[PDB]
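Asker: Provided herewith is a single structure, encoded as structure tokens, for subsequent inquiry.
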Amino acid sequence: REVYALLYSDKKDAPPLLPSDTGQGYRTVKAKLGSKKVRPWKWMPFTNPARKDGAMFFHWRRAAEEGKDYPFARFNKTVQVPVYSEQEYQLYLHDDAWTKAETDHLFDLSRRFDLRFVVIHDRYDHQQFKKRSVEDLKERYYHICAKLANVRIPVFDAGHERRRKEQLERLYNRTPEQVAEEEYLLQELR
Amino acid sequence: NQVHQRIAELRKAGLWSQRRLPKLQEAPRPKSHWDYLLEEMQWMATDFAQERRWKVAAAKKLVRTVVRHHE
Amino acid sequence: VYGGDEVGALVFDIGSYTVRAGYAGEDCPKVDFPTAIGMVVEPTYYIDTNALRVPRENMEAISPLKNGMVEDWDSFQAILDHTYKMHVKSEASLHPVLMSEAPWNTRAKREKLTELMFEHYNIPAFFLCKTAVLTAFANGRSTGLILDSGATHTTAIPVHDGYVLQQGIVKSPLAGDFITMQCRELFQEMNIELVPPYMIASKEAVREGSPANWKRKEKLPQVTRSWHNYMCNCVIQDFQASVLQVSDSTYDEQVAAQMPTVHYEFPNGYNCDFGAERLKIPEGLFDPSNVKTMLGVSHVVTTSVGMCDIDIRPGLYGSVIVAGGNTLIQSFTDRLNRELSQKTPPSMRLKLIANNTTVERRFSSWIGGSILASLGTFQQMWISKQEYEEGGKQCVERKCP
Amino acid sequence: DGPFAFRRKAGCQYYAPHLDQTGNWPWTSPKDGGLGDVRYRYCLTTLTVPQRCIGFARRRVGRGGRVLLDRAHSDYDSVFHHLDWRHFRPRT
Amino acid sequence: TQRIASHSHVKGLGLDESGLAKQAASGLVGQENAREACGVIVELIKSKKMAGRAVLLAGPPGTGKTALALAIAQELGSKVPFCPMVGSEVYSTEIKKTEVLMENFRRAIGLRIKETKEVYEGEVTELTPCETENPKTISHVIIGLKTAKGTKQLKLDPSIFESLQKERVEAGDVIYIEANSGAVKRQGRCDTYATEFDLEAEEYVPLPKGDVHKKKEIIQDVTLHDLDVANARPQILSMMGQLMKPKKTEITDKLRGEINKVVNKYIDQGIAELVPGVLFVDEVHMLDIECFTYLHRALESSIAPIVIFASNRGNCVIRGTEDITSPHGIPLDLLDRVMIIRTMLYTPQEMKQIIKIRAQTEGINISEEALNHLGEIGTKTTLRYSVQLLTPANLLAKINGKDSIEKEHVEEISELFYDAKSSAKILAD
Amino acid sequence: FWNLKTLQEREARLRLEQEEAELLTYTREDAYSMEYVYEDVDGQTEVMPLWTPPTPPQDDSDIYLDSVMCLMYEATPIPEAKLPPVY
Ligand SMILES: Nc1ncnc2c1ncn2[C@@H]1O[C@H](COP(=O)(O)OP(=O)(O)OP(O)(O)=S)[C@@H](O)[C@H]1O
Ligand SMILES: Nc1ncnc2c1ncn2[C@@H]1O[C@H](COP(=O)(O)OP(=O)(O)OP(O)(O)=S)[C@@H](O)[C@H]1O
Ligand SMILES: [Mg+2]
Ligand SMILES: [Mg+2]
């Protein structure tokens with residue numbers, strides 16, 4: 001038996017226990033605190049090498065840590081997305097169903113939103129270019145990536161994903177009588 | 001029986017949820033900067049909620065102790 | 001790598017009701033003054049509560065925001081200057097600023113806001129995030145259906161992976177202002193003369209239903225109709241907070257009549273028992289068809305999710321976040337949860353995040369802004385002034401998604 | 001099956017749907033359909049000072065590097081106080 | 001435990017659920033009928049119904065009579081008191097022989113005492129009296145006690161004020177207060193106030209762990225002989241008694257009856273439970289006629305333990321008689337009171353099995369041909385002799401850098417050491 | 001009666017003192033110096049998990065997982081043994 005929660009489990013939860021000295025009294029820990037002295041902290045500018053501009057923000061950091069490389073810069077790495085020349089498109093990637101500027105818009109969005117195709121679909125310029133389903137965006141992206149890799153791996157199956165979503169939509173839209181029916185079948189077929 | 005035909009007709013229509021299609025695996029990718037940002041965000045939000053709960057409870061404790069000191 | 005880095009950034013969340021501001025890393029906005037400001041045509045601006053509540057000749061009450069977006073940039077600059085000088089007490093060029101924005105904010109308005117922040121206030125860094133994402137971030141959720149009901153709109157905003165799915169935004173005009181108008185109509189039907197507290201020199205205790213025995217303040221200057229309407233709106237909103245209650249189910253006259261009455265005292269000493277009409281008024285938020293084609297809040301919810309990818313609908317129903325002041329009406333959360341559980345598909349888990357307090361409902365966007373601004377991983381996201389030198393038009397739309 | 005039949009293609013892998021139990025977020029119990037990712041779990045914990053079980057707790061790092069014990073309410077908290085399942089205790 | 005004795009391999013009677021003896025199990029080989037009779041004796045002991053029942057293990061030397069008695073001891077467990085004696089022990093210089101016999105009888109009756117104590121222990125945090133008007137008058141004395149678990153306040157009877165000052169209790173003292181008597185006992189300053197600079201030893205104790213209020217169960221195992229000795233001579237008369245030699249005394253039947261009464265009262269009160277056990281008398285033919293006659297009366301007591309005799313003497317004159325020969329050195333009158341279990345000689349195969357089990361218990365690697373040679377040595381000579389050859393042959397092998405005994409090592413050790421019969425042969429020549 | 005009243009008033013005061021929060025802080029030794037372990041009936045040991053801020057990636061082993069996908073499908077690819085053959 002155990003409990004799971006994110007932020008907290010219930011409104012009646014007891015407060016967290018914070019660490020602190022002197023909880024057993026200051027007098028007993030007097031000699032330890034008096035034996036030492038704190039290291040100096042500074043309000044200092046820091047370079048973030050993940051940023052390309054070079055802007056300097058400020059930190060509370062120890063004096064010896066001044067000028068050290070920003071640790072959060074290690075997180076910075078983007079989702080690998082291929083880049084193609086105008087020539088490579090003209091040679092290989094041409095499709096009568098897709099404009100080049102439309103594909104370039106798709107790939108720019110992909111680089112922006114880390115291949116989160118639901119977000120790409122939301123941000124896709126359906127007004128200027130043709131309306132696209134998320135399966136169409138995935139199809140075009142994975143087709144281009146596979147073709148570029150072959151020119152210079154689980155392949156995408158657009159039909160299977162389309163069928164999967166259509167089935168999920170059909171299962172979602174059904175009336176409460178049509179889910180009462182299914183649960184009554186599921187319980188009576190046992 | 002008739003229930004079997006009903007199930008078969010639902011399955012033909014796709015509406016039989018017991019036989020839902022699987023999901024084709026996306027090509028694998030490592031975590032991006034935004035994924036680490038959302039992880040750190042979730043951790044910081046937890047720390048905020050717990051710190052607020054601690055400050056409220058500690059204030060209540062100290063004030064009721066002062067009231068007992070006067071009583 | 002370590003805990004999030006605090007870079008001394010400011011978090012501004014300027015809504016139509018109150019301007020919420022403070023320092024990043026705090027768990028509550030250190031200031032929230034009404035968005036409505038006083039204007040005298042010369043213009044002289046009276047901005048905060050201490051100044052608004054005193055009568056002045058030829059002073060109008062206006063708001064910089066219109067439909068969740070800023071329209072009058074002069075009043076916006078006035079509010080920003082007042083916030084800085086009085087509450088922030090620090091130079092604008094010294095602290096990075098993270099501001100919230102409406103889910104539906106236009107590109108030109110975002111560019112104008114960024115231009116104002118960089119050219120006028122000379123801030124070192126800037127970021128503009130959506131209110132819905134910050135509300136989700138305040139709850140530690142990267143995805144979910146934000147349901148915001150302030151004074152201007154009741155809006156469902158689907159967030160996925162920290163991004164607002166703008167196609168799924170559904171907005172309704174039923175909000176706190178609609179409730180204020182409904183209470184105004186109720187008072188008019190009962191022939192209660194709304195006397196704002198500023199006109200009362202003295203009052204005497206009277207019984208329920210008795211005529212008010214109050215003395216009018218003398219030497220009162222002439223006031224504009226806008227300021228009088230604003231003061232009446234203030235008293236009506238006090239009434240809304242104190243009296244109104246959402247029925248635990250679909251409103252019924254008999255059940256409403258059975259339940260006990262609640263007593264309220266108006267500023268002029270007039271007091272009454274408000275019976276069952278206190279339940280009828282909030283019912284318009286849920287069943288607008290009975291108010292003398294708007295969608296109910298539960299229908300705004302269920303419509304908004306239906307416009308998203310069905311891969312993400314399980315997550316949207318699995319994380320419903322309620323925010324906004326108008327959601328603090330008694331039993332509003334319970335009624336909403338009941339209706340959504342009744343309407344939600346059985347195959348998907350529905351869970352309303354349990355945070356129901358004034359701080360967690362009204363300031364949620366500011367809390368999310370503070371959380372985001374305190375992240376070390378977020379320090380890459382800032383728009384710098386050097387970046388504004390080149391991409392003043394180009395990058396501002398691209399840097400803040 | 002017909003219009004919604006499963007057709008495998010070469011060089012492809014698939015994720016089976018959830019049928020027995022509806023899924024849930026990682027921060028939720030496997031009894032509640034969740035992944036149960038252990039960073040979210042609260043388990044019974046004993047302190048050294050006081051030498052008493054504080055009940056269900058989880059170790060979480062705070063903002064300043066401060067390690068914090070989050071605590072979850074339970075109806076049997078008094079019994080856990082009298083106590084001397086997965087029950088963690090500190091050791092050098 | 002760790003050192004290996006002549007019976008260290010006997011782990012019990014190798015009996016099945018049906019009471020039949022396995023051919024070789026639990027360290028015993030053969031003696032199937034004798035082992036089955038010993039198992040019935042074990043059931044008799046565990047029944048606890050009977051008193052003074054006697055059994056005689058009888059048979060040639062080295063037929064496992066002592067092994068069977070120690071196997072009964074293993075089967076009964078460590079709870080049942082099993083008192084070994086040899087008949088030579090009755091001839092004491094401090095007390096008469098029949099007193100030695102009665103003392104060993106009472107050593108084989110166990111009693112298990114159960115004490116349940118309720119105690120309130122903790123570090124003293126307050127001693128505030130509660131003043132009142134009498135219908136300064138105090139109606140209660142409040143004591144606050146702290147343990148590692150928590151803190152409790154007690155509303156004690158005011159009369160406990162005498163014991164608090166008698167014990168000189170102050171704040172910071174660990175004390176305990178028993179529920180029944182209400183008397184406080186002080187056990188030192190809490191060690192949280194000890195510095196490394198001050199010198200005291202007995203006056204500091206660690207802060208108690210656990211809840212302030214505790215319920216303790218104390219279980220003690222004693223024999224009736226322990227109670228006899230305790231009540232016969234309790235521990236200036238003590239100074240002279242401890243300076244002088246505390247000899248054994250001829251405890252009177254009056255004391256034994258009083259202790260029987262007290263133990264029956266405890267058993268009625270539920271505080272105690274009796275565990276009657278076994279007295280084993282090896283070499284019982286060393287007893288004399290006075291001892292055997294006394295044993296007639298001793299075994300007819302309703303309080304007596306179950307006694308196991310062993311003899312190998314055959315038709316032998318009874319000690320302390322003249323020319324009275326008896327079938328076991330044990331007069332026919334006493335033999336009429338005992339059930340007899342016969343033990344029989346071993347076959348060569350049974351001897352080989354015993355030799356192998358001994359080599360295993362001694363940790364000795366023995367080759368097959370060495371085992372056959374040692375078995376045939378044991379079919380000559382004696383079993384005991386052939387077993388005794390194992391470890392010196394292992395040592396001889398270790399000297400020659402062999403991890404296992406080879407036949408040549410057995411031969412050489414046999415040439416070095418001789419048995420009783422070969423030595424009688426040398427003496428005759 | 002006066003004593004009964006005073007004891008009920010005392011128990012009320014003690015209840016008020018106990019309803020208030022008991023613990024708000026724990027020692028530094030427990031916080032950092034000592035690791036928390038659990039030993040089961042077989043002697044296997046488990047260390048209590050620590051929810052830390054995200055660790056920087058050393059390689060591309062930090063594979064992304066869609067937490068919303070895991071609400072409808074399970075996180076492991078179907079084994080080829082139970083996968084139906086190619087259509
Ligand atoms: N405790 C309360 N109970 C009931 N209504 C309240 C309460 N507090 C605030 N309100 C109402 O909530 C509305 C303001 O909510 P907010 O979300 O703070 O507005 P805002 O966010 O500043 O501006 P918008 O409309 O969201 S752009 C007003 O109509 C208030 O009357
Ligand atoms: N059946 C048996 N199984 C295993 N070991 C045995 C067996 N019988 C005897 N032994 C062992 O061989 C030795 C001889 O047995 P003992 O019990 O000593 O014989 P005994 O009958 O006591 O001979 P006496 O009469 O005392 S000289 C001891 O070391 C026993 O442990
Ligand atoms: Mg708002
Ligand atoms: Mg013997």
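By convention here, the chains of the structure tokens are called A, B, ... in the order presented, each chain's residues are numbered starting at 1, and ligands are numbered starting at 1 in the order presented.
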Need the shell around residue E:174: protein/DNA/RNA residues with any atom at most 6 Å away, counting only C-alpha atoms. Skip same-chain ones fewer than 3 positions apart. Format as a ChimeraX atom specification?
Answerer: /E:122-123,187-190
Asker: Keeping only N, CA, C and O atoms, write the selected residues to a file as a JSON list (two decimals), in the first residue's frame.
Answerer:
```json
[["chain", "number", "residue", "atom", "x", "y", "z"],
["E", 122, "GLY", "N", 10.68, 7.00, 30.85],
["E", 122, "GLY", "CA", 10.99, 8.16, 30.03],
["E", 122, "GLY", "C", 11.86, 9.12, 30.79],
["E", 122, "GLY", "O", 12.10, 8.98, 32.00],
["E", 123, "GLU", "N", 12.34, 10.12, 30.06],
["E", 123, "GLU", "CA", 13.08, 11.22, 30.67],
["E", 123, "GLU", "C", 12.11, 12.20, 31.30],
["E", 123, "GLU", "O", 11.11, 12.57, 30.68],
["E", 187, "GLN", "N", 17.07, 5.73, 36.99],
["E", 187, "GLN", "CA", 18.13, 5.00, 36.30],
["E", 187, "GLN", "C", 19.14, 5.92, 35.62],
["E", 187, "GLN", "O", 19.90, 5.46, 34.76],
["E", 188, "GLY", "N", 19.18, 7.19, 35.98],
["E", 188, "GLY", "CA", 20.27, 8.07, 35.60],
["E", 188, "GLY", "C", 19.81, 9.31, 34.83],
["E", 188, "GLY", "O", 18.69, 9.41, 34.35],
["E", 189, "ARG", "N", 20.75, 10.25, 34.74],
["E", 189, "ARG", "CA", 20.67, 11.38, 33.82],
["E", 189, "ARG", "C", 20.58, 10.91, 32.37],
["E", 189, "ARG", "O", 21.24, 9.94, 31.97],
["E", 190, "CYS", "N", 19.77, 11.59, 31.57],
["E", 190, "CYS", "CA", 19.73, 11.32, 30.15],
["E", 190, "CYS", "C", 21.05, 11.73, 29.50],
["E", 190, "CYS", "O", 21.58, 12.81, 29.78]]
```
Asker: Grab me every residue within 6 Å of ligand 2, counting only C-alpha atoms and all ligand atoms, and send it over as a PyMOL selection string.
Answerer: chain E and resi 6-7+27-31+61-67+311-312+354+384
Asker: Using only C-alpha atoms and all ligand atoms, which residues of the polymer chains come no farther than 8 Å from ligand 1? I'd like the answer as a PyMOL selection string.
Answerer: chain C and resi 14-20+35+65+67-69+102+148-153+175-177+179-180+234+236-238+240-242+244+323-330+358+361-363
Asker: Looking at only C-alpha atoms and all ligand atoms, which of E:283, E:300, E:290, E:415 is the one that sits closest to ligand 4?
Answerer: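 Distance minimum relative to ligand 4 lands on E:283.
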Asker: Using only C-alpha atoms, determine which residues lie at most 12 Å from stretch 60-67 of chain A, disregarding the query and same-chain residues fewer than 5 positions distant; provide the list as a ChimeraX atom specification.
Answerer: /A:38-49 /C:4-8 /D:64
Asker: For chain F, work out the contacting residues on chain D at 10 Å, counting only C-alpha atoms, and write them as a PyMOL selection string.
Answerer: chain D and resi 6-19+21-26+33-35+37-43+45-50+54+58-63+65-69+85-92
Asker: Kindly save the residues from that selection, with C-alpha atoms included, as an mmCIF file, in the first residue's frame.
Answerer:
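The resulting file, again_1.cif, is reproduced below:
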```cif
data_model
loop_
_atom_site.group_PDB
_atom_site.id
_atom_site.type_symbol
_atom_site.label_atom_id
_atom_site.label_comp_id
_atom_site.auth_asym_id
_atom_site.auth_seq_id
_atom_site.Cartn_x
_atom_site.Cartn_y
_atom_site.Cartn_z
ATOM 1 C CA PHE D 6 -4.736 -5.066 -38.658
ATOM 2 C CA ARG D 7 -2.234 -5.421 -41.514
ATOM 3 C CA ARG D 8 1.432 -5.676 -40.561
ATOM 4 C CA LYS D 9 3.997 -4.146 -42.914
ATOM 5 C CA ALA D 10 7.664 -5.074 -43.165
ATOM 6 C CA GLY D 11 10.030 -3.064 -40.990
ATOM 7 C CA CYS D 12 7.330 -1.775 -38.640
ATOM 8 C CA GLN D 13 6.460 -2.040 -34.948
ATOM 9 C CA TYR D 14 3.200 -1.320 -33.151
ATOM 10 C CA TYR D 15 1.964 -0.431 -29.665
ATOM 11 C CA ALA D 16 -0.917 -2.562 -28.415
ATOM 12 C CA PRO D 17 -3.979 -0.636 -27.192
ATOM 13 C CA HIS D 18 -5.062 -0.526 -23.565
ATOM 14 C CA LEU D 19 -8.027 -2.859 -23.066
ATOM 15 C CA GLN D 21 -7.490 -1.104 -17.760
ATOM 16 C CA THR D 22 -7.764 2.488 -18.938
ATOM 17 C CA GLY D 23 -4.400 4.227 -18.932
ATOM 18 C CA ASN D 24 -3.369 7.060 -16.655
ATOM 19 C CA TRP D 25 -0.573 9.543 -16.090
ATOM 20 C CA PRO D 26 2.833 8.383 -14.798
ATOM 21 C CA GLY D 33 -3.986 2.497 -14.559
ATOM 22 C CA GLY D 34 -0.863 4.606 -14.189
ATOM 23 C CA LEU D 35 2.742 3.835 -14.996
ATOM 24 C CA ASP D 37 6.855 6.078 -11.949
ATOM 25 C CA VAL D 38 8.653 5.742 -8.656
ATOM 26 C CA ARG D 39 9.765 9.380 -8.319
ATOM 27 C CA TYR D 40 6.130 10.229 -7.454
ATOM 28 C CA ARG D 41 5.552 7.428 -4.925
ATOM 29 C CA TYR D 42 4.986 7.996 -1.207
ATOM 30 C CA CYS D 43 6.010 5.158 1.105
ATOM 31 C CA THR D 45 9.285 6.481 6.249
ATOM 32 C CA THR D 46 10.975 6.491 9.659
ATOM 33 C CA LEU D 47 13.126 9.368 10.864
ATOM 34 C CA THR D 48 16.120 9.204 13.166
ATOM 35 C CA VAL D 49 14.851 12.251 15.097
ATOM 36 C CA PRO D 50 12.225 11.521 16.292
ATOM 37 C CA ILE D 54 6.246 9.842 9.870
ATOM 38 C CA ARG D 58 8.701 10.915 -0.569
ATOM 39 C CA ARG D 59 12.194 12.370 -0.888
ATOM 40 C CA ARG D 60 12.189 15.366 -3.237
ATOM 41 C CA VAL D 61 14.995 17.803 -4.006
ATOM 42 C CA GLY D 62 14.002 21.412 -3.375
ATOM 43 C CA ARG D 63 14.996 24.619 -5.124
ATOM 44 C CA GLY D 65 19.431 21.816 -3.206
ATOM 45 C CA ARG D 66 17.518 21.185 0.012
ATOM 46 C CA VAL D 67 16.210 17.616 0.171
ATOM 47 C CA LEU D 68 12.595 17.700 1.359
ATOM 48 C CA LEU D 69 10.233 14.987 2.593
ATOM 49 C CA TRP D 85 4.616 -3.198 3.307
ATOM 50 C CA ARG D 86 7.456 -1.184 1.780
ATOM 51 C CA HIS D 87 8.738 0.766 4.804
ATOM 52 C CA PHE D 88 11.912 2.814 4.347
ATOM 53 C CA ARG D 89 14.436 3.631 7.079
ATOM 54 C CA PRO D 90 17.616 5.731 6.907
ATOM 55 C CA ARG D 91 21.070 4.228 7.259
ATOM 56 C CA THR D 92 24.652 5.414 6.959
#
```
Asker: If we count only C-alpha atoms, what is near residue B:59 at a cut-off of 12 Å, once residues fewer than 6 positions away on the same chain are taken out, given as an mmCIF file with N, CA and C atoms, in the first residue's frame?
Answerer:
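Below you can see out_12.cif, which holds the result:
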```
data_model
loop_
_atom_site.group_PDB
_atom_site.id
_atom_site.type_symbol
_atom_site.label_atom_id
_atom_site.label_comp_id
_atom_site.auth_asym_id
_atom_site.auth_seq_id
_atom_site.Cartn_x
_atom_site.Cartn_y
_atom_site.Cartn_z
ATOM 1 N N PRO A 15 2.384 19.142 6.002
ATOM 2 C CA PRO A 15 3.403 19.917 5.291
ATOM 3 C C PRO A 15 4.669 19.109 5.089
ATOM 4 N N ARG B 52 4.434 26.611 -0.556
ATOM 5 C CA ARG B 52 3.283 27.385 -0.100
ATOM 6 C C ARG B 52 2.564 26.683 1.045
ATOM 7 N N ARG B 53 2.368 25.369 0.917
ATOM 8 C CA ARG B 53 1.708 24.613 1.978
ATOM 9 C C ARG B 53 2.508 24.665 3.278
ATOM 10 N N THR B 65 1.114 29.196 18.789
ATOM 11 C CA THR B 65 2.056 29.130 19.901
ATOM 12 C C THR B 65 2.146 30.461 20.642
ATOM 13 N N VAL B 66 2.154 31.580 19.915
ATOM 14 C CA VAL B 66 2.189 32.885 20.579
ATOM 15 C C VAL B 66 0.931 33.098 21.414
ATOM 16 N N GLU F 20 -2.997 20.923 16.314
ATOM 17 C CA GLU F 20 -2.002 21.745 15.644
ATOM 18 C C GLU F 20 -0.860 20.875 15.121
ATOM 19 N N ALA F 21 -0.186 21.369 14.081
ATOM 20 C CA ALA F 21 0.823 20.584 13.378
ATOM 21 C C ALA F 21 1.919 20.104 14.323
ATOM 22 N N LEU F 24 7.487 20.088 11.422
ATOM 23 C CA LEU F 24 7.725 20.957 10.284
ATOM 24 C C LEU F 24 9.136 20.849 9.742
#
```
Asker: Within 10 Å of chain E, which residues belong to chain D? Use only C-alpha atoms and report them as a PyMOL selection string.
Answerer: chain D and resi 48-53+81-84
Asker: Write the residues you've just listed into a file as a PDB file, in the first residue's frame, and include C-alpha atoms for each of them.
Answerer:
```pdb
ATOM      1  CA  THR D  48      16.120   9.204  13.166  1.00  0.00           C
ATOM      2  CA  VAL D  49      14.851  12.251  15.097  1.00  0.00           C
ATOM      3  CA  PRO D  50      12.225  11.521  16.292  1.00  0.00           C
ATOM      4  CA  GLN D  51      12.613   7.739  16.054  1.00  0.00           C
ATOM      5  CA  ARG D  52       9.039   7.541  14.775  1.00  0.00           C
ATOM      6  CA  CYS D  53       7.405   6.591  11.484  1.00  0.00           C
ATOM      7  CA  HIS D  81       2.574   6.977  14.501  1.00  0.00           C
ATOM      8  CA  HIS D  82       2.164   4.119  16.978  1.00  0.00           C
ATOM      9  CA  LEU D  83       4.071   1.825  14.599  1.00  0.00           C
ATOM     10  CA  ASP D  84       7.646   0.899  15.499  1.00  0.00           C
TER      11      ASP D  84
END
```
